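*Asks:* experimental structure and its sequence below.
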There are 2 protein chains.
Amino acid sequence: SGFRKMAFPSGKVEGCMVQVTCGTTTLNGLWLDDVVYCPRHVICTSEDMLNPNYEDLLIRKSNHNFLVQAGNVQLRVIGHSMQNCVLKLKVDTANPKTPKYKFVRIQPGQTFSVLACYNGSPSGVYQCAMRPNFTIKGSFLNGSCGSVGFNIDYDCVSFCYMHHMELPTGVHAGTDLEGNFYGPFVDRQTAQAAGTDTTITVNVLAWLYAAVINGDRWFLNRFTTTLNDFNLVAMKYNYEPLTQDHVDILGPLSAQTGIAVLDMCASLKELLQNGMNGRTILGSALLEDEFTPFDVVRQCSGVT
Amino acid sequence: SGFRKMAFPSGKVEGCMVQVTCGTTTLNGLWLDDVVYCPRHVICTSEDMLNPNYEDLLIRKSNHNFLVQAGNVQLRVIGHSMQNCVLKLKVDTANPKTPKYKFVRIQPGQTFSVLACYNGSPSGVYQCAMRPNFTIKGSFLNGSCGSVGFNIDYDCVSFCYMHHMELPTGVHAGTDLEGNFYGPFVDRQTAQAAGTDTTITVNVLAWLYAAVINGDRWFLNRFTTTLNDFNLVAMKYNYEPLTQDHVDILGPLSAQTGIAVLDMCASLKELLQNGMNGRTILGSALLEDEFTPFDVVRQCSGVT
Ligand SMILES: NS(=O)(=O)c1ccc(Br)cc1
Ligand SMILES: NS(=O)(=O)c1ccc(Br)cc1
């Protein structure tokens, strides 16, 4: 029993973190096989950051301009290319600790673990979601760029995020491991505003199920609703629309608890309209939206 | 910027987790040098759990009755002893991945990372505090016993907790790595009630400082207070008393923010009396008490 915001064990990813230096800039790289992945803005002077032309800045860089350090040993760079907003540095040595891995582009609402690193050294691990506005709310200081987000399926690390930048509002933006930004963000020191940070409805419902499973039942009401009726209230409260695909994903939690998805929707509806009234659910005074249905099943069943 | 509930990277501890089996019971063990540490209740039939005499149950066990598996290789048990509520199994092989480590008994309010494991396999990592009633609010299913709590000081893992049991209220109790329970709990399937789960005042203040540092300033008020005046309000709200030792520990956050500790106390005083009024601090609708002053400094400076 009990329900915690829980990150994947970080060991497999710790074994992949290196320090990348280009001139005076140091950030983090991901070493998989004989490639080190890092944000391309490693090549920028903070002067360059204001309006960088990366192709032109890259002409001025050779393999030997990229200093890659793994623990306290230097890796030989024998090649470099730009793929979208990431640099791929070919090194002469395959990472001996390379796990089984995939690169995956996640959807908004998908959760992942971040191993926050500085100088290629892991400092902490926390759980995030891709926000509906394709930002994440991370914890990232200067030097943290190249820190990665991931999921683990048993022994396969799916890398879904690389940290690139902080918006002036102090929310975070980054790429998949093919270097494509989540959302409309660019690696340029220019004012970029995030859209509406809506609540991930399917994630709230999953967490309401997690609450019932852990004995927090006070919010269970005597009502049901429909997707359309629920969605009208959702829209008004800046909740994401719930689709039948969401209802299907919630099926196993529905089955385990004997609470129909639309009944739990009607409970959430009343929580939005009535508020918490100073009560808590799983030790929270607001509705948590950074657990997926899969996260709740995983934690409430004990997958390793 | 941003502020997250952040666990230590778990890699160093992942390399220490083994499966321990005694008869039909499987739980987790910690393998450091040539010793495997596990909860002594590994020797109990759930029948035994109701009123176990561990010395008497242990007479019936030999070295060969303890099955220790690390990955999918069996370790040879060449010795076993009971120290308080843990078994120490001497094995013929020093753990090659043994990190630098200490065993430490933490104080209430101290935070730590838990690597939740099942069958010696890590499933997740989360951040906990030792509650003032010497319980923790964890996430632990059957098979999770022997899961450990830890802090990392650079390359030295301080092990502070081993998971033993769930109280009927679904909060958690365990030992240090010398097998001494935190609080008055015993490894017996008998009704045990926790005392008052008070709020860790010094931890709330640290997190209020973390909030100011990250631009959440709305709760900063025009008042100050004294330790005695603050403590009267604290007592009424089931907050732990604040001592000068707490004020001293908050000094560096005081210095960084230019907010005197007693001023921040007066802000917290108003938050207790006035409540949040539907506002959030660092994305929370209640006052967070599972960050220590040291945690806030570490995250707000970027220690690795
Ligand atoms: N925090 S900011 O000045 O908006 C900024 C945006 C993008 C980059 Br890449 C670097 C800095
Ligand atoms: N959950 S309980 O029945 O109170 C319990 C207490 C202690 C042990 Br050790 C096992 C079970």
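*Replies:* Here it is on my side, so go on. Numbering: from 1, shown residues only, chains lettered A, B, ... in the order given. Ligands and ions are numbered 1, 2, ... in the order given.

*Asks:* tell me, how many residues neighbour residue A:94?
*Replies:* Neighbour count of residue A:94, defined by other Cβ atoms under 10 Å in any protein chain shown: 12. To be clear about C-beta, it is placed using only N, CA and C from the backbone, and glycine gets the same treatment.

*Asks:* so it lies in a strand, does it not?
*Replies:* No - going by DSSP: H, G, I helix; E, B strand; the rest coil, the assignment for residue A:94 is coil, not a strand.

*Asks:* residues in contact with it?
*Replies:* Contacts for residue A:94 (Cβ atoms under 8 Å, 6 or more residues apart in numbering or on different chains) come out as A:33, A:34.

*Asks:* give me phi/psi at it?
*Replies:* When read as degrees, to the nearest 10, the backbone of residue A:94 gives phi -70, psi 130.

*Asks:* how far away is it from residue A:20?
*Replies:* 17 Å (Cβ to Cβ, to the nearest Å).

*Asks:* which parts of the stretch 201-304 of chain A sit against ligand 2?
*Replies:* Within the stretch 201-304 of chain A, no position is adjacent to ligand 2 by Cβ under 6 Å from any ligand atom.

*Asks:* which of the three states applies to the residue of chain A most remote from its centre?
*Replies:* Ranked by distance from the centre of chain A (Cα atoms, centre = their mean), the top residue is residue A:222, with 35.9 Å. Of the three states, residue A:222 takes coil according to three-state DSSP.

*Asks:* how about the contacts made by it?
*Replies:* Contact analysis of residue A:222 by Cβ under 8 Å, 6+ apart lists nothing.

*Asks:* how about 10 Å then?
*Replies:* Residues in contact with residue A:222 (Cβ atoms under 10 Å, 6 or more residues apart in numbering or on different chains) are A:263, A:266, A:267, A:270.

*Asks:* and of those, the nearest to chain B?
*Replies:* Nearest to chain B among the contacts of residue A:222: residue A:270, at 16.8 Å, using Cβ to the nearest Cβ.

*Asks:* let me know the secondary structure of that closest one.
*Replies:* Using three-state DSSP, the structure places residue A:270 in helix.

*Asks:* list the contacts for the residue nearest to residue A:214 when sequence neighbours are not counted?
*Replies:* In space, residue A:214 comes closest to residue A:3 once its chain neighbours are excluded; the distance is 5.0 Å by Cβ to Cβ, 6 or more residues apart in numbering or on different chains. Applying Cβ under 10 Å, 6+ apart, one finds that residue A:3 lies in contact with A:207, A:210-211, A:213-214, A:216, A:281-284, A:288, A:291, A:296, A:299-300, B:126, B:137-139, B:170.

*Asks:* how close does residue A:3 sit to ligand 1?
*Replies:* As judged by Cβ to the nearest ligand atom, to the nearest Å, residue A:3 and ligand 1 stand 35 Å apart.

*Asks:* one step back: list buried residues within the contacts of residue A:3.
*Replies:* Neighbour counting over those (16 or more other Cβ atoms under 10 Å in any protein chain shown) leaves A:207, A:210-211, A:213-214, A:216, A:281-282, A:284, A:288, A:291, A:296, A:299-300, B:126, B:137-139 as the buried ones.

*Asks:* pretty sure residue A:285 is touching residue B:280, no?
*Replies:* Yes - counting by Cβ atoms under 10 Å, residue B:280 is a contact partner of residue A:285 at 8.8 Å.

*Asks:* shared neighbours of the two, anything?
*Replies:* Contacts common to residue A:285 and residue B:280, judged by Cβ under 10 Å, 6+ apart, are residue B:286.

*Asks:* now residue A:191: how far from ligand 2?
*Replies:* 55 Å.

*Asks:* if you skip the residues just before and after it, what's nearest to that residue?
*Replies:* Distance criterion Cβ to Cβ, 6+ apart; nearest residue to residue A:191, sequence neighbours excluded, is residue A:168 at 6.3 Å.

*Asks:* so what's the one you found up against?
*Replies:* Contact analysis of residue A:168 by Cβ under 10 Å, 6+ apart lists A:189, A:190, A:191, A:192, A:193, A:194, B:1.

*Asks:* more neighbours, residue A:285 and residue B:280?
*Replies:* A side-by-side neighbour count of residue A:285 and residue B:280, using other Cβ under 10 Å, places residue A:285 first with 18 against 14.

*Asks:* list the contacts for the more buried one?
*Replies:* Listed by Cβ under 10 Å, 6+ apart, the contact set of residue A:285 reads A:275, A:276, A:278, A:279, B:275, B:276, B:278, B:280, B:284, B:285, B:286, B:287.

*Asks:* list the buried residues in the strand ranked longest in chain A.
*Replies:* As assigned by DSSP state E, the longest strand anywhere in chain A is strand A:156-166. For strand A:156-166, the neighbour count (16+ other Cβ under 10 Å) marks A:157, A:158, A:159, A:160, A:161, A:162, A:163, A:164, A:165, A:166 as buried.

*Asks:* returning to what we had before: in strands, which of the buried ones among the contacts of residue A:3 fall?
*Replies:* Using DSSP E, the subset of these located in strands is residue B:126.

*Asks:* hmm, back to that, in a markdown table: the contacts of residue A:168, plus neighbour count.
*Replies:* Formatted as a markdown table, the contacts of residue A:168 follow (neighbours: other Cβ atoms under 10 Å in any protein chain shown):
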| residue | neighbour count |
| --- | --- |
| A:189 | 16 |
| A:190 | 9 |
| A:191 | 7 |
| A:192 | 16 |
| A:193 | 9 |
| A:194 | 19 |
| B:1 | 18 |
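
*Asks:* farthest-separated two in the residues you listed?
*Replies:* A:190 and B:1 (17.7 Å; Cβ to Cβ).

*Asks:* follow-up on the earlier one: ligand 2 next: which of the buried residues of strand A:156-166 are close?
*Replies:* The subset of the buried residues of strand A:156-166 within reach of ligand 2, by Cβ under 6 Å from any ligand atom, is empty.

*Asks:* since that was my last question, I'll sign off now.
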